[PDB]
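Report on the structure given below.
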Number of protein chains: 4
Amino acid sequence: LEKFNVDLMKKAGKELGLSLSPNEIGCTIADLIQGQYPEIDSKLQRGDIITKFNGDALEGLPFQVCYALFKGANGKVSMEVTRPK
Amino acid sequence: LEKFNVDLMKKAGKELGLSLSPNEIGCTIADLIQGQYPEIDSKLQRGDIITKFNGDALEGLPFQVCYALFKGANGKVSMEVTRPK
Amino acid sequence: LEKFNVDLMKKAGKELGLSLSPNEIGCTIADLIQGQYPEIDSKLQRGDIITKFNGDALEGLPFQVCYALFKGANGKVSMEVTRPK
Amino acid sequence: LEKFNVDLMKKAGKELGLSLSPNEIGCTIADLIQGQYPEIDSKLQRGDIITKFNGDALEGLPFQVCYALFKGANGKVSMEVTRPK
């Protein structure tokens, strides 16, 4: 159960390229567009679960949060992630 | 200030047509499409703040929840609203 | 000097695919990703200038607005556009 | 409530590291990266509201301006800030 962090500087013109879906403990990465950020391409994989983003714990929040997690994202982007089996 | 509730039944393929933005106590209705739902044309206006959606209080949630508040919402939509003066 | 409107229902999972840059009277479409929305693919072209979005006139605003015009976009998306020569 | 100003000189390739969200009177600093700029480490905290940036008052501007407020900002960055209690 590897738990790690993903930290990057978001650029206004580059979307993170991540598609999420609700999960019991956060937001699962259901899909990922390769080539957006090196920090993502070097660490993240489908199935990994984002448990917190910029200080907010994502477990237990309305499921809609996952579908808009990165909307309005700017500057600092800090994620705590967990990878299932 | 006025506080009221809005309840409507979503029809498949008929979006609510509301565009929201973050507010201290919820999600402000920044823009709207006239003619989508009678319940909306009858009780909602730009500037109104949705404070609770389908049982979930919106104050305190990450601001981005306002960007996909209606995703996955089928059946009866229940909103609690506050209207400034 | 054709002036027209672009109206669509944004889907949480589909970005508009538009890249803007500052313009004297609004935000110019410097780049466009084909295949996102039919309303865009059937009307918009590079060089067209967005002069207003969801009730806000874009002329005279800080240039940064154009670089974040669609961040947080949800539900109703209504644009007024002008096409140069 | 406290009101103060923050002035710093951006260095090429060194992002400010601030992440903002919409606020009634400006752009709230939702998160931040410690160690980017001494001026930031010395006077800014989460919850502070940037009310004016490089001469532009932020209250009244489309809420999305908070999502790319620092793009194109090179040289001296000047901010007016309000801090709740």
Side-chain angles (χ1 to χ4, degrees), chain A residues 12 54-56 71-76, chain B residues 1-3 19-31 45-51 57-67 81-85, chain C residues 53-58 60-74, chain D residues 1-8 16-32 37 39-40 42-73 76-85:
Chain A
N54 281 21
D56 304 315
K71 297 188 178 297
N74 64 93
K76 173 182 180 178
Chain B
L1 172 166
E2 292 169 43
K3 292 186 174 180
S19 184
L20 315 177
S21 65
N23 184 284
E24 178 192 2
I25 67 174
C27 300
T28 298
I29 291 178
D31 210 339
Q45 287 174 19
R46 298 183 179 66
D48 291 345
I49 310 173
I50 298 177
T51 56
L58 304 181
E59 196 179 324
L61 301 180
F63 74 83
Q64 57 273 59
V65 63
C66 299
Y67 299 148
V81 182
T82 288
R83 179 134 83 195
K85 51 191 169 187
Chain C
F53 170 53
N54 281 21
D56 304 315
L58 305 180
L61 298 184
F63 75 82
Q64 306 94 300
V65 172
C66 295
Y67 294 114
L69 189 65
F70 299 131
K71 297 188 178 297
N74 64 93
Chain D
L1 172 166
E2 292 169 43
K3 292 186 174 180
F4 61 88
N5 300 309
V6 178
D7 295 281
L8 61 73
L16 297 186
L18 299 173
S19 184
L20 315 177
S21 65
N23 184 284
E24 178 192 2
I25 67 174
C27 300
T28 298
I29 291 178
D31 210 339
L32 67 89
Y37 290 80
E39 295 81 357
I40 294 176
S42 278
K43 319 189 197 60
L44 293 169
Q45 287 174 19
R46 298 183 179 66
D48 291 345
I49 310 173
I50 298 177
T51 56
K52 183 191 284 236
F53 189 70
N54 286 347
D56 296 313
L58 304 181
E59 196 179 324
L61 301 180
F63 74 83
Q64 57 273 59
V65 63
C66 299
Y67 299 148
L69 188 66
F70 310 124
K71 180 151 185 171
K76 186 213 298 181
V77 174
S78 140
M79 305 172 242
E80 278 178 27
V81 182
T82 288
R83 179 134 83 195
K85 51 191 169 187

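Chain naming here is simple, since letters A, B, ... match the order of the sequence lines and numbering starts at 1 in each. FYI, side chains are in, hydrogens and waters are out, and symmetry mates aren't considered; it's all heavy atoms of this structure.
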Measuring from [X]:[atom1] to [Y]:[atom2], what's the distance to the nearest 0.5 Å?
X: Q64(C); Y: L58(D); atom1: CD; atom2: CG; answer: 8.5 Å
X: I29(D); Y: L16(D); atom1: CD1; atom2: CG; answer: 9.5 Å
X: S78(D); Y: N54(D); atom1: OG; atom2: CG; answer: 5.5 Å
X: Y67(B); Y: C27(B); atom1: OH; atom2: SG; answer: 9.0 Å

Only counting residues at least two apart or in another chain, list the ones meeting side chain to side chain donor-acceptor pair (under 3.5 Å) with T28(D).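 In terms of side chain to side chain donor-acceptor pair (under 3.5 Å), with neighbours along the sequence ignored, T28(D) is linked to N23(D).
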Which residues pass the side chain to side chain contact (heavy atoms under 4.5 Å, CB included) test with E39(D), not counting sequence neighbours?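 With sequence neighbours excluded, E39(D) shows a side chain to side chain contact (heavy atoms under 4.5 Å, CB included) to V6(D), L8(D), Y37(D), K43(D), given in chain and number order.
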Holding to side chain to side chain contact (heavy atoms under 4.5 Å, CB included), I want the full list of residues that pass it with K85(B), two or more places apart in sequence or in another chain.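 With neighbours one apart ignored, the set is empty.
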Residue pair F63(D) / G72(C): nearest heavy atoms and the distance that separates them: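 What the structure gives for the nearest pair is CZ-O, 4.5 Å.
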Looking at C66(D) and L20(D), what are the two nearest heavy atoms and their distance?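 Scanning both residues completely, I find the closest heavy atoms to be O-CB, 3.4 Å.
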For the residue pair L61(D) and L61(C), establish whether any side-chain heavy-atom pair is separated by less than 4.5 Å.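 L61(D) reaches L61(C) side chain to side chain.
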Output side-chain donor-acceptor pairs under 3.5 Å for residues 46-53 of chain D, partner residues at least two apart or in another chain, one line each.
{"residue": "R46(D)", "atom": "NE", "partner": "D31(D)", "partner atom": "OD1", "Å": "3.2"}
{"residue": "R46(D)", "atom": "NH2", "partner": "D31(D)", "partner atom": "OD1", "Å": "3.1"}
{"residue": "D48(D)", "atom": "OD2", "partner": "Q45(D)", "partner atom": "N", "Å": "2.8"}
{"residue": "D48(D)", "atom": "OD2", "partner": "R83(D)", "partner atom": "NH1", "Å": "3.1"}
{"residue": "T51(D)", "atom": "OG1", "partner": "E80(D)", "partner atom": "O", "Å": "3.2"}

Assess the residue pair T82(B) and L1(B) against the criterion (side chain to side chain contact (heavy atoms under 4.5 Å, CB included)); give the C-alpha distance rounded to whole Å, side-chain angles, the decisive distance to 0.1 Å, and a yes or no. CA-CA 7 Å; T82(B) 288; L1(B) 172 166; 3.9 Å; yes
According to the salt bridge (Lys or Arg N to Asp or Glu O under 4.0 Å) rule, which pairs have a member within residues 53-71 of chain D, sequence neighbours left out?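 Counting only pairs at least two positions apart or across chains, no salt bridge (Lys or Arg N to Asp or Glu O under 4.0 Å) contact touches residues 53-71 of chain D.
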After noting the C-alpha distance and the side-chain angles of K76(D) and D7(D), does the key distance pass the side chain to side chain contact (heavy atoms under 4.5 Å, CB included) rule? CA-CA 7 Å; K76(D) 186 213 298 181; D7(D) 295 281; 4.1 Å; yes
